[PDB]
Amino acid sequence: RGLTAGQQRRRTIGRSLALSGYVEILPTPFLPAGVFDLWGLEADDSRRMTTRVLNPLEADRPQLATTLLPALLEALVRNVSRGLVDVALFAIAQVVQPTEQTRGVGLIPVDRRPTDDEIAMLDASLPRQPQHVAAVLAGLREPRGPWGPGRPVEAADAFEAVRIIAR
Amino acid sequence: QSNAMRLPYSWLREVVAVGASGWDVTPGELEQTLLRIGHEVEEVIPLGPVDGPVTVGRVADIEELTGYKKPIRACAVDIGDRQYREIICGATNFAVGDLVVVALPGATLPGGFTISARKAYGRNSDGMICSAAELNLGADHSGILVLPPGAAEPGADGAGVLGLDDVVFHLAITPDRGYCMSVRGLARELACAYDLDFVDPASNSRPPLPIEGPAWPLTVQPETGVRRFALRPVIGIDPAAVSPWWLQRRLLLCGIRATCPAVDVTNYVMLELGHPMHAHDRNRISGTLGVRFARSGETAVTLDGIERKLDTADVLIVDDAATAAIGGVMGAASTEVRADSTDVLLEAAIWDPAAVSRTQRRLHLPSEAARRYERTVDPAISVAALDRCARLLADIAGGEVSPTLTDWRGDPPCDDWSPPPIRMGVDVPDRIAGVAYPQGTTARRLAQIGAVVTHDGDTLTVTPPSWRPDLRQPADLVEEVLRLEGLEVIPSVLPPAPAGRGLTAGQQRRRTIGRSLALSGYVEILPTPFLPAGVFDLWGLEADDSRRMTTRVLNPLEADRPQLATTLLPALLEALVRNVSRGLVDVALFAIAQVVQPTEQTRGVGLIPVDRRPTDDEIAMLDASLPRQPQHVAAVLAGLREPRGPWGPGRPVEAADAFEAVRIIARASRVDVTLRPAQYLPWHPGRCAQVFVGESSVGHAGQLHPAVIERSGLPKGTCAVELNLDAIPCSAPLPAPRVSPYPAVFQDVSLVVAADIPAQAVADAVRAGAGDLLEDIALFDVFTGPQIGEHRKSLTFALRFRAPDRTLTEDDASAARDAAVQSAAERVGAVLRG
Amino acid sequence: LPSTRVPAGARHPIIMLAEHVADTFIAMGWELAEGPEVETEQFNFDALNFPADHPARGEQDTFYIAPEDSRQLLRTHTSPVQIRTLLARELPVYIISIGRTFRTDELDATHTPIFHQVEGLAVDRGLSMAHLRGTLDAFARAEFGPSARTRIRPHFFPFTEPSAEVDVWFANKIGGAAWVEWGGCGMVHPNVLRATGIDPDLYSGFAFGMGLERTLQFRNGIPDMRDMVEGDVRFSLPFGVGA
Amino acid sequence: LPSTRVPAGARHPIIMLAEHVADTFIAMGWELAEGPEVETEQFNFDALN
Amino acid sequence: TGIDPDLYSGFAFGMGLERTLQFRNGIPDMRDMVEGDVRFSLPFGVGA
Ligand SMILES: Nc1ncnc2c1ncn2[C@@H]1O[C@H](COS(=O)(=O)NC(=O)[C@@H](N)Cc2ccccc2)[C@@H](O)[C@H]1O
Ligand SMILES: [Mg+2]
Ligand SMILES: [Mg+2]
Ligand SMILES: [Mg+2]
């Protein structure tokens with residue numbers, strides 16, 4: 001039966017943003033250190049409730065991302081620091097959002113098919129992992145040339161990226 | 001309408017009921033049964049209906065009302081038991097004593113017209129004398145309905161005598177089932193569908209007339225394709241005799257208007273048995289009847305009084321004086337029967353189907369006989385239909401059927417009319433249908449349609465009947481078994497298809513280009529290939545412009561638009577004009593479609609034999625004969641390219657927008673493109689770019705010529721682009737970029753060149769001198785003014801230098817910049833600005 | 001505030017339906033064949049077992065190309081792609097073909113002179129009418145949904161034997177819901193296989209040809225195809241960009 | 001003169017190769033299955049023997 | 001998974017996607033394809 005509706009929509013969104021000047025980033029799930037403190041988020045902000053890795057390659061980055069923006073902003077900083085100051089980046093990736101039902105499940109016997117309830121408790125135990133789409137913009141949205149001086153990035157450009165995704 | 005077949009259900013039931021007494025089905029069930037076996041029912045026409053006193057009447061007295069501009073009659077009609085009613089009627093086709101159908105006050109005619117006792121022309125009117133159309137019986141003809149004498153008694157029920165409870169079926173018979181162009185064939189199909197015993201209404205036992213000797217001298221040219229020619233005369237009929245009501249009504253319900261019994265029996269037998277019949281005046285034939293081809297420029301006036309320009313391939317019927325009939329198409333007025341005719345010579349002939357088809361299409365005469373001869377007529381029933389027709393004429397208009405008969409059946413005389421026997425495996429229908437039919441299903445079904453079936457192990461020998469020339473191969477027999485068993489019993493199995501390779505590169509590129517242009521605001525047009533009238537004259541193209549060499553259609557729907565498009569722009573501009581005229585003035589349209597470009601090698605190819613695969617050279621000459629049909633991509637723009645809003649006043653369409661559409665297509669095609677100054681109508685000579693991929697031209701873009709825009713009624717400033725996609729080679733690049741992380745050095749350079757030096761040439765020269773350290777170059781300023789000097793312009797580029805293995809120094813970057821400036825100086829004469 | 005400086009365009013709904021039909025058959029392992037719009041009589045009629053001087057050929061609504069002895073025409077159907085595919089490829093063959101077709105029919109609610117067809121052709125060992133019905137059921141299921149009413153009845157085409165037509169119950173049909181023809185189909189005629197150098201004793205095949213605009217009318221409930229053929233941007237834009 | 005007011009972007013080459021691989025298998029009748037990135041040990045190890 | 005191994009058999013594979021890209025495009029070092037510099041992606045085209 002080919003691609004599902006959701007798989008097809010992931011392609012259309014990628015094509016639409018790329019044709020609009022956005023460059024895809026494959027975002028790392030390991031959050032930057034202290035990122036939510038830089039954002040000034042409240043202590044009870046749900047984005048702070050993160051799943052943590054016991055053995056990260058960077059000891060100061062064990063928390064898995066509840067939002068795609070920290071990785072995109074980190075990718076934006078890399079490009080800008082390398083002399084590419086007019087960037088529009090996007091990413092289509094899942095995040096990791098644990099709840100109070102997120103827990104470990106003991107070994108289910110593997111000499112038979114797991115029961116329907118065992119399948120249900122295995123799925124319910126994992127943190128929520130919804131697919132997000134995100135983008136960041138900086139510098140000139142329209143470059144300068146023989147037509148004029150260009151146009152800096154403004155909030156309306158982010159609003160139009162919403163309408164690009166919505167269409 | 002040449003495939004049409006109209007016949008009333010009451011006639012179908014009668015022929016079927018002979019072999020299956022009491023057979024009767026609802027019109028809805030009959031429609032479904034005909035569809036299940038393959039007969040398209042276009043319309044089901046019920047007669048009437050009629051309510052109230054609609055009674056057969058006898059015109060008793062006619063008093064002419066004088067003084068008016070139209071003849072008006074005050075009639076007294078006997079409606080039964082000599083109870084008279086006064087009727088005012090304006091028709092003239094009746095006299096005292098004729099049988100008419102009157103609608104008395106209180107009756108209801110189709111549809112909803114209630115009759116009331118009124119006073120018209122200063123006289124009493126207790127109803128009206130009905131016509132065939134007002135009764136929903138026959139077609140709208142002139143006058144009122146006059147039943148033939150003795151059809152009914154005055155006082156009989158109108159709906160019963162007229163048979164208004166009958167239902168007429170209009171069928172569209174497929175051209176492979178010419179035998180179904182009659183009551184005989186369709187009644188046989190119903191007997192097959194309902195598993196009934198069928199009695200053929202054309203058989204001998206249904207007795208033959210005696211054969212003492214020839215009926216008329218006849219010479220037949222064998223090359224004319226005639227398979228049979230039969231003639232039997234009927235002498236001494238009554239010219240004043242008319243056809244009975246059952247015969248005239250059945251002709252009426254089949255679309256044929258009755259004239260005289262001599263002609264009515266020829267049409268009645270044609271509808272009943274499927275064999276066309278023609279009636280000649282025996283005393284108007286002068287000498288031996290001859291069947292031969294027409295001569296060069298020979299003429300013939302048919303019975304309608306029209307002169308026909310005959311062809312060498314037309315088969316004729318002639319005697320010693322004039323042409324009597326155009327073979328199998330239409331008879332001439334020479335031997336046509338009239339009120340003077342008393343001796344009738346009936347004709348039953350089987351003509352070649354291809355010859356009749358050629359003649360009737362060229363003379364535009366798709367007569368009732370030509371439609372049937374085109375689809376083959378059963379040659380085994382010629383004398384049988386002749387005897388049936390002769391007995392019927394003598395029974396109606398009196399006379400004696402002469403015991404003489406001419407029966408030309410070829411040389412040597414043909415005595416067996418069955419097509420060759422077909423050998424087919426017994427389970428072959430089962431394999432094609434994917435169904436395990438019960439034992440004997442195939443043999444029983446093939447016998448129902450009239451074939452002799454012998455059995456020998458696993459192979460059936462099937463000999464089709466003479467009325468089924470379409471049964472030539474086992475596949476034909478398969479169709480007969482499956483359609484009668486019903487296609488709905490065939491199961492549904494998805495085939496396991498082998499692993500495919502998906503879309504080709506070109507198919508994928510057509511999608512990417514469509515997505516890219518649509519996302520950029522373009523709306524796709526499916527462009528008509530028929531060029532607007534005079535479009536190249538509006539463009540002012542030269543007479544020898546290759547776009548004028550067009551392929552032309554002989555029969556366009558618009559007589560002034562026969563030329564097929566050599567370019568997509570005329571259709572797109574026409575679509576642009578439609579949108580603008582409807583109030584949508586800011587449009588960007590595009591189209592991805594082929595054009596038609598004939599060359600001097602474009603030509604016709606004669607028929608290649610289809611009993612084998614065409615040779616490689618035959619495939620090559622077939623392909624080389626067709627006009628070139630490359631795929632083009634084109635677009636047009638008008639109005640505001642960017643709309644107005646809270647951001648500003650918007651931006652009108654400019655030539656640069658067309659240039660960017662080229663780069664949208666080029667990026668979607670993954671090819672590099674250069675744009676060069678050019679002059680090419682209908683583009684503006686100063687705002688036109690020719691598009692190259694490498695050194696190959698692929699199209700043009702820019703703003704349209706203002707004179708073309710003016711003459712065409714296009715929006716001002718309209719822009720356009722057209723590229724040849726087949727000239728753009730499919731690219732499959734595998735990039736392997738190496739990204740240097742080392743810091744970049746930013747420097748700008750400002751260069752003065754002559755005003756007509758293209759900016760791309762200055763950038764190429766800068767890039768060529770900068771070397772590998774140059775990562776990016778962007779033009780951001782084009783300046784003219786007294787600071788620069790006349791005939792000059794200043795260009796300023798932003799340069800980004802970067803080393804792959806070290807932090808580039810400001811000096812090392814300036815050395816690359818100096819070399820870039822030196823290169824621009826040598827190649828385009830650029831002067832560093834100071 | 002509004003933010004769309006570059007208003008969205010739209011690929012044509014007919015083309016977007018063609019993409020959806022193409023993807024449906026590609027997901028089943030089939031491929032897409034192609035053919036020119038201007039065709040010879042050889043491949044449009046003769047190699048498709050059309051007789052020479054016979055109403056099965058003359059009754060066609062054919063755009064004939066000048067001059068009178070050219071034996072060229074605008075193709076009346078996509079069925080000449082059957083001939084081109086069997087000449088160019090080895091067996092087995094499982095293809096569809098989506099392209100424009102031309103007839104002298106005046107524009108009405110369901111007919112237009114320039115329309116598109118979805119051709120299908122499968123030639124292999126042991127294929128039967130059951131495989132044809134399985135393929136059409138998947139075609140109908142993917143475009144009309146699992147609740148679609150279809151019916152198949154006998155018909156005639158020179159290039160099939162047996163032949164059939166498939167109807168779809170068109171609810172939004174002008175004048176009241178009714179069965180409306182969707183396309184023709186049947187088992188590939190042995191004379192067609194003979195004209196392409198294929199042994200009909202070793203290979204059988206089925207083929208179909210459905211209207212693309214007709215499919216769109218059934219799928220979206222569009223009673224009158226005028227808007228989908230006149231090229232007004234207001235018809236395309238509600239369908240989306242189609243990227 | 002340059003004309004690109006809206007410079008082209010780019011989907012990631014890894015994602016574009018994935019699309020090409022996906023299309024290759026879909027053209028052979030296969031379909032695409034999915035699964036979360038954070039997994040239980042049950043399905044990542046134990047049920048895989 | 002509740003499947004009878006006497007009635008059904010199966011095969012499975014697992015290949016690297018980045019590894020495939022390196023073989024296909026001849027990229028010896030995957031650093032650029034994982035660091036997210038726009039200069040790595042843009043030469044590949046929009047991908048629409
Ligand atoms: N004028 C028209 N406008 C729009 N759609 C049309 C028009 N004429 C035909 N069609 C559509 O095309 C379908 C097929 O049309 S058809 O003339 O009846 N049949 C054919 O053309 C055959 N070549 C189909 C076929 C039959 C057997 C095997 C392969 C293919 C119809 O069911 C309609 O849906
Ligand atoms: Mg039909
Ligand atoms: Mg047949
Ligand atoms: Mg014709």
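The chain as shown is numbered from 1 upward.
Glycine residues also receive a Cβ, built from the backbone N, Cα and C atoms like all the rest.
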If Swiss-Prot gives B:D476, B:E479, B:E480 as binding Mg(2+), which of B:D458, B:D470 does it give for that site as well?
B:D470
Chain C neighbours, filtered from binding-site residues B:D470, B:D476, B:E479, Cβ-Cβ distance under 8 Å:
B:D476, B:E479
According to DSSP, which of helix, strand or coil covers B:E479 (Mg(2+) binding site)?
helix
Where the C-beta lies under 6 angstroms from ligand 3, the matching binding-site residues among B:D470, B:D476, B:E479, B:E480
B:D470, B:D476, B:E479
Around B:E479 (Mg(2+) binding site), how many other CB atoms lie within 10 A of its CB?
24
Over the span of the domain 'tRNA-binding' (B:48-159), count residues by DSSP class, listing helix, strand and coil in order.
2 helix, 46 strand, 64 coil
DSSP residue counts for the domain 'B5' (B:417-492), split into helix, strand and coil
29 helix, 14 strand, 33 coil
Measuring CB to CB from B:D470 (Mg(2+) binding site), give everything in the same chain under 8 Å that is also at least six residues away in sequence.
B:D176, B:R177, B:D476
Most Cβ neighbours inside 10 Å, all chains, among the binding-site residues B:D476, B:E480
B:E480
